[PDB]
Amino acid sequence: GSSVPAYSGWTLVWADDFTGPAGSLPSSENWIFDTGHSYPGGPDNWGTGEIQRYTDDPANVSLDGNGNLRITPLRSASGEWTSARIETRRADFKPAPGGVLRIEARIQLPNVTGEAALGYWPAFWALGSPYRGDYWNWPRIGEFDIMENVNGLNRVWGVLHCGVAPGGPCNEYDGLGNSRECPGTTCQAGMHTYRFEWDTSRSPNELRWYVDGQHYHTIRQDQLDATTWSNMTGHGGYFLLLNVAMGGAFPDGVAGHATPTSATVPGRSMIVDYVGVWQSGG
């Protein structure tokens, strides 16, 4: 399972296998490191209410020397949470006409459960390119949550956001999502492969989510109106994001109260073996 797979009949567009020395930062040619509490001129607290400050500190984001990236939330003596959020420089990931785009990452979630896990919000996701530099055309431009998880739970959510917010056809801010337990080892205790496919070889087109090859969510083109679909697909494509947020809308909603709490335990890393993007056709 380890390392970027050599998929037959597909063409690798872009990947990062996170190879390199322990403690070094992932490639700045590949990645932008987002810092602070918002995009510049964007919604406060990353649009979610999460409370961590994102950094470029190796303590929050670094390679492990074994081929993985680690993103680690930490809590200072002053009580401040820090973490990291990286996004791809490339923002043109999109299926070729009539083809399929496959986006995938192999990840172990922060290995923490129960009250110690309250607030942990790891995610691997994609945002429509027109958002970059604008920050106020969400959800119209589209968002694919390929792996989303909160609170150390043995469950992955896969979600589409689209339309307008609040409300609209994608029921924002919930989005159109589904979830399932990780197959085999819990999502926290081992590596799993989280895959998303955007399929234009079929009509209606389809968006599909998988964990370890188990298909658990679909959104089809015939389930949304034409303007909503065009708004999230007609532009130049998507960029990808990896982060671990602390607190905010999703972990608070699932816990039923504010997170993190004094009992949340810092220092539990999300571990990422690779991220990759493929187009169908060899």
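One rule holds for the numbers: they count along the sequence shown, beginning at 1.
Relative to its counterpart among 165 to 173 and 68 to 76, 165 to 173 has the higher mean temperature factor, C-alpha atoms as listed in the PDB entry. For the pair 78 to 86 and 201 to 209, the mean Cα B-factor is higher in 78 to 86. When all modelled residues of the chain are sorted by CA temperature factor, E148 is found within the lowest third. When the CA B factors of the chain's modelled residues are split into thirds, the value for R180 lands in the highest one. Sort the modelled residues of the chain by CA B factor and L12 lands in the middle third.
Split the chain's modelled residues into thirds by C-alpha temperature factor. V265 is in the highest one. When the modelled residues of the chain are ordered by their C-alpha B factor, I219 lands in the middle third.
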